[PDB]
Amino acid sequence: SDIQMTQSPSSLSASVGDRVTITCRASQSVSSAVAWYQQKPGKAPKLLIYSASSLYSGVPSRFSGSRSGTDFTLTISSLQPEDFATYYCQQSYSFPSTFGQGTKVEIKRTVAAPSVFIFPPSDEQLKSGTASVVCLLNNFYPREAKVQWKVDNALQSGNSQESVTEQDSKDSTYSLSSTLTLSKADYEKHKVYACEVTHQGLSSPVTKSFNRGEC
Amino acid sequence: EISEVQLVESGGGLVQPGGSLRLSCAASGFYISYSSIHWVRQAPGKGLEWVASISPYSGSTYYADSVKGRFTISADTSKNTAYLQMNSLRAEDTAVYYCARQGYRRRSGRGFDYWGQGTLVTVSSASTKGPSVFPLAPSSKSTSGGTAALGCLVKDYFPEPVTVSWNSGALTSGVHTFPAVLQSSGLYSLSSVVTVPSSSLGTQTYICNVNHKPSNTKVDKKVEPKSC
RNA sequence: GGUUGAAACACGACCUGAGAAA
């Protein structure tokens with residue numbers, strides 16, 4: 001029966017200057033042998049707090065930690081825009097060491113409408129039998145957005161994928177790509193390709209279009 | 001010179017199921033003999049999972065149940081390097097593996113104060129494939145938010161990762177390189193885009209520099225408005 | 001439980017306390 005670390009909340013969204021707290025409960029006593037880390041996606045975690053309440057040398061003073069029994073709290077007293085990350089607690093009271101499941105911290109800010117761009121497939125790609133059509137939504141907030149593909153005014157389904165950047169470290173926006181994949185034969189059969197974007201920054205949905213082969 | 005604490009990892013990459021791999025963690029700025037060294041891994045979309053550790057003075061070793069009997073941690077103090085030898089690899093072992101230094105007790109308790117950069121281990125029977133790179137062409141007729149946009153589409157590559165720069169790194173403002181997406185073919189694709197002044201198209205050159213080390217692919221692609 | 005030896009075990013020194021497997 002390994003010690004479990006239960007983190008809360010699963011995610012939070014707070015503005016610059018806000019006080020944020022994250023908690024972690026150990027399933028049994030871990031004394032004060034708890035560390036907190038900050039991790040950017042795909043990067044090494046960084047040590048913030050050790051022995052429950054001690055600030056690691058060099059870490060900014062807005063971070064602090066505290067213990068009450070088996071409940072551990074990480075506090076950020078005044079959130080900064082680079083503080084978006086997943087934060088993890090860890091117990092090293094006994095082997096095996098165990099980690100909490102992470103709390104994702106997002107920087108809340110004002111609404112920003114996306115700028116929208118559509119890209120036809122290149123002639124070079126078509127020669128290999130597949131066509132990729134790309135829609136870009138640039139520098140928007142919040143993250144939620146709908147992208148609808150229309151081919152000759154017919155709504156598309158099941159043939160696109162989306163990817164999103166992490167938040168901008170300066171102004172907290174996202175960008176998003178939507179890629180529509182068609183066979184060359186299907187691409188050549190139709191004329192008008194359109195990307196329709198709905199987002200709370202836009203009063204009305206924005207559609208970008210091109211005509212195949214028409215410059 | 002200033003002596004910096006550094007952990008430099010190597011040895012990761014693509015390995016067939018049932019195969020073996022040895023990861024290395026070469027340390028500088030401190031003598032590994034006097035620290036506990038740990039391995040921690042992170043599977044795609046999952047959290048941190050502690051894997052193994054080795055103790056100073058004794059060389060005692062410890063393992064997570066998930067790897068016990070298959071993985072071996074060790075340290076060669078004469079090379080200031082720690083190792084994770086991994087046998088009988090399964091798909092569930094696919095992850096970024098990190099080595100970490102447990103800090104000095106009086107200054108950091110048991111916290112892990114320095115970490116390696118991570119190395120990706122991919123357990124799969126699939127073959128390495130280099131990407132194709134296609135232009136995302138811009139236009140002075142296609143402006144939004146006061147800019148034009150252009151980019152490069154990097155497609156059908158395996159395993160991760162690829163990296164993209166623009167104009168050999170001289171162009172960074174407005175660049176967005178999206179996370180890779182796994183296609184139904186089992187190959188990855190991503191795009192990298194940049195917003196630029198519409199007045200600049202035709203006065204300025206935009207080249208995307210694509211790197212896929214697993215295949216030794218280095219590709220530069222000029223992105224220009226089409227003559228139309 | 002805490003301090004401390006570059007130190008969770010092994011190899012050492014301590015503090016609190018009836019006892020640090022408390």
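Because only heavy atoms are used, hydrogens play no part in the values below, and waters and symmetry mates are left out as well, while side chains stay in. Order of the sequence lines fixes the chain letters, A, B, ..., with proteins taken first and strands second; residue numbering starts at 1 for each chain.
The side chain of B/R106 lies closest to C/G5 when the candidates are C/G1, C/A7, C/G5. Nearest nucleotide to the B/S58 side chain, out of C/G5, C/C9, C/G2: C/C9.
To the nearest whole angstrom, the two P atoms, one in C/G12 and one in C/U16, are 23 Å apart. Comparing the P positions of C/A6 and C/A18 gives a spacing of 32 Å, expressed to the nearest Å. As rounded to the nearest Å, C/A22 and C/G17 have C1' atoms that lie 9 Å from one another. Comparing C/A8 with C/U3, their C1' atoms sit 15 Å apart, to the nearest whole Å. A distance of about 15 Å separates the P atoms of C/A13 and C/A21, rounded to the whole Å. Taking atom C1' in both C/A10 and C/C15, one finds a spacing of 23 Å when rounded to whole Å. Atom name P, nucleotides C/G19 and C/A7: the rounded distance is 28 Å, in whole Å.
Geometrically, B/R101 does not engage B/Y114 in a cation-pi contact defined by less than 6.0 Å to the ring centre and at most 45° from the axis. Taking the ring axis of A/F84 as reference, the NZ or CZ atom of A/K104 does not stay both within 45° of it and closer than 6.0 Å to the ring centre.
For the pair B/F178/A/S175, a side-chain contact is recorded, criterion being any heavy-atom separation below 4.5 Å from C-beta on. Annotation: side chain of A/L79 is not in contact with side chain of A/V16 (no heavy-atom distance under 4.5 Å). Counting heavy atoms from C-beta outward, A/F117 and B/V193 have side chains that stay 4.5 Å or more apart.
For B/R110 and C/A7, the CZ to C1' distance is 11 Å, given to the nearest whole Å. In this structure, B/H38 places its NE2 atom 13 Å from P of C/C9, rounding to the nearest Å. Atom CZ in B/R107 sits about 15 Å away from atom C1' in C/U3, given to the nearest Å. Straight-line distance from the OH atom of B/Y57 to the P atom of C/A10: 16 Å, rounded to whole Å. What separates CZ of B/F30 from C1' of C/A6 is a distance of 11 Å, to the nearest Å.
Taking for each of B/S60 and B/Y34 the nucleotide of RNA chain C with the nearest heavy atom, the 5'-most of the two is the partner of B/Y34.
Checking the phosphate oxygens (OP1, OP2) of C/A8, no side-chain nitrogen or oxygen of A/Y93 falls inside 4.0 Å. Between C/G2 and A/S31, a contact under 4.0 Å exists linking OP1 or OP2 to a side-chain N or O. The phosphate of C/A8 (OP1 or OP2) has no side-chain N or O of B/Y104 nearer than 4.0 angstrom.
Applying the 5.5 angstrom centroid cut-off and the 30 degree plane-angle cut-off, the aromatic ring of A/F95 is stacked upon the base of C/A8.
A negative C1'-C2'-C3'-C4' angle places the sugar of C/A8 in the south (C2'-endo) family. The pentose of C/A6 belongs to the south class of puckers. Its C1'-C2'-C3'-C4' angle has a negative sign.
For the residue pair B/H212 and B/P161, the shortest heavy atom distance occurs at CD2-O, 3.4 Å.
Counting any heavy atom pair closer than 4.0 Å across all strands shown, A/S92 reaches a base atom.
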